[PDB]
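The numbers here are math on the coordinates, done by the rules we state, and not lab data. With ideal geometry, Cβ positions are generated from the backbone for all residues, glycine too; neighbour counts draw on all protein chains shown.
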Amino acid sequence: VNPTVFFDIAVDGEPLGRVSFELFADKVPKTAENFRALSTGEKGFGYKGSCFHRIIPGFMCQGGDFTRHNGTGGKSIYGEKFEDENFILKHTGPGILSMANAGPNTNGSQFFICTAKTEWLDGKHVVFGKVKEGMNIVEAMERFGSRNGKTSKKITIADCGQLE
Amino acid sequence: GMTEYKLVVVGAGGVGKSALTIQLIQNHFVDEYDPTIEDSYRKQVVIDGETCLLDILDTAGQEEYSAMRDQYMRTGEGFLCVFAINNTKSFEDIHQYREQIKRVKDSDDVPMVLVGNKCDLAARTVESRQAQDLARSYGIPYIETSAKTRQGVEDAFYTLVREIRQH
Ligand SMILES: CCn1c(-c2cc(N3CCN(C4CC4)CC3)cnc2[C@H](C)OC)c2c3cc(ccc31)-c1csc(n1)C[C@H](NC(=O)[C@H]1[C@@H]3COC[C@@H]31)C(=O)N1CCC[C@H](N1)C(=O)OCC(C)(C)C2
Ligand SMILES: Nc1nc2c(ncn2[C@@H]2O[C@H](COP(=O)(O)OP(=O)(O)NP(=O)(O)O)[C@@H](O)[C@H]2O)c(=O)[nH]1
Ligand SMILES: [Mg+2]
């Protein structure tokens, strides 16, 4: 049974809503487990309180830098970065959850949620989950993005964790 | 009103385009790696006795999106073509940038400066002579810079303005 995690999203501190994700532990267990543990915070660090620093309408919402809160940071539960587990899954459309990176084998904690098909990222970013409920929250987050990704309001993961 | 110059900083990923620009604008060396999507900056400066306004476009060094560069090459007036002196591939990538600029602007005579960045670093793999020869073959200036120490940073941007003024 693939795990499910949730983010409660806030905009300038006010509740927006909950997005939940299925994590494809059956295909990318190491990558799924990293995101799961970062969502519960059980290693003593993780996504709670961090922001979506880059939102580009028509493409994706990107977040996960909980160490520097500036888009350059984040870390995995395995060390600062870990290798690309596999590229079996593709960026097939809205709702795909995939790892951000700085080149080959540089997965940390940053991730992105597609709001469109982004096929040119296949084979370069590890897809490891998908939005289960609350895709319209991700669509609503796009309202605060821009062409270069700078956000017009502070979009935060006010709470996060794992669902039964 | 002061004249505005539309400068565009191009070159392979990681060569220090953003570090150079932020050093010029903000007097700060960015140590972290924040790969750029696209950013714009403004700064007024005095060059050869005349105040002017630099509009600087800091571009992405992402090879995947090479076709998306046409739009900003059309609007830019002058180009810093940046490589890093410890990255031979970034130096080899210069030809493709210059050719794209020439093609997009349909001109063999586009204001442009060749910039060899990271000159503070010891393990150089591109000798100054190689880059000087390349710049000579293009008919453009070559300036070595360090966004870390500020060496040549003002010189690179101001020289590009001079190239525009003399075009
Ligand atoms: C050329 C402009 N331009 C575009 C783009 C492109 C396109 N077309 C149109 C044509 N289409 C063809 C029909 C198919 C292709 C795309 C249109 N309009 C645009 C934008 C809006 O014009 C401003 C992009 C894009 C992306 C980058 C740089 C420039 C870009 C870029 C820089 S860094 C990176 N990409 C990877 C990044 N790395 C880090 O953040 C590292 C930080 C440090 O270490 C951890 C952390 C990362 O993992 N992701 C996670 C994945 C999505 C990705 N960011 C991102 O933001 O993509 C943005 C975008 C818009 C999807 C692509
Ligand atoms: N030692 C040294 N490091 C530099 C210099 N310029 C940039 N760097 C470092 O090199 C890395 C990449 O710099 P950055 O300015 O982001 O390069 P970029 O060309 O803008 N990258 P991108 O194309 O992805 O936007 C950073 O770690 C930065 O600190 C320099 O002159 N000297
Ligand atoms: Mg940059």
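Side notes on the structure shown:
- Failed criterion for A:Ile55 (all others in (1) within 12 Å of another protein chain (Cβ to nearest Cβ); (2) in a loop (DSSP other than H, G, I, E, B) hold): (2)
- Members of the stretch B:1-37 found to be under 18 Å from B:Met68 (Cβ atoms), more than 6 Å from ligand 2 (Cβ to nearest atom) and out of contact with any strand residue (DSSP E or B) (no Cβ under 6 Å at 6 or more places or on another chain), listed by number: B:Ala12, B:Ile37
- Tally, over the stretch B:9-27, of residues that are under 15 Å from B:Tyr97 (Cα atoms) and crowded, with 24+ Cβ neighbours inside 10 Å: 5
- Hits in the stretch B:107-159 (condition: in a helix (DSSP H, G or I), hydrophobic (A, V, I, L, M, F, W, C) and either within 14 Å of chain A (Cβ to nearest Cβ) or more than 13 Å from ligand 2 (Cβ to nearest atom) (or both)): B:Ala131, B:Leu134, B:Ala135, B:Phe157
To keep it simple, each residue is scored yes or no on (1) outside any strand (DSSP E or B); (2) touching a helix residue (DSSP H, G or I) at 6+ places or on another chain (Cβ under 6 Å).
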| residue | (1), (2) |
| --- | --- |
| B:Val9 | no, yes |
| B:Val15 | yes, yes |
| B:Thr21 | yes, no |
| B:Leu24 | yes, yes |
| B:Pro35 | yes, no |
| B:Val45 | no, no |
| B:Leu53 | no, no |
| B:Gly61 | yes, no |
| B:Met68 | yes, no |
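- Residues of the stretch A:125-149 satisfying the condition of being surrounded by 15 or more Cβ atoms within 10 Å (Cβ to Cβ) and within 14 Å of another protein chain (Cβ to nearest Cβ): A:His125, A:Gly145, A:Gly149
- Residue within the stretch A:103-120 that is within 12 Å of ligand 1 (Cβ to nearest atom), exposed (fewer than 15 other Cβ atoms within 10 Å of the Cβ), closer than 25 Å to A:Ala140 by Cα and aromatic (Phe, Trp, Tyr) present: yes
- Given (1) part of a helix (DSSP H, G or I); (2) out of contact with any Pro (no Cβ under 9 Å at 6 or more places or on another chain), number of the condition A:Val1 does not satisfy: (1)
- For B:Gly49, the test of being surrounded by 13 or more Cβ atoms within 10 Å (Cβ to Cβ) and either more than 11 Å from ligand 3 (Cβ to nearest atom) or over 21 Å from B:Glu144 (Cβ atoms) (or both) is failed.
- Checked against the criteria, A:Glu83 counts as touching a strand residue (DSSP E or B) at 6+ places or on another chain (Cβ under 9 Å), farther than 22 Å from A:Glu139 by Cα and away from chain B (no Cβ under 14 Å).
- Among strands (runs of 3 or more DSSP E) entirely within the stretch A:107-164, having at least 3 residues that are within 16 Å of ligand 3 (Cβ to nearest atom) and out of contact with any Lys or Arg (no Cβ under 7 Å at 6 or more places or on another chain) singles out no element at all.
- Qualifying residue in the stretch B:68-86 (condition: within 14 Å of chain A (Cβ to nearest Cβ), within 16 Å of ligand 3 (Cβ to nearest atom) and touching a residue at least 12 places away in the same chain (Cβ under 8 Å)): yes
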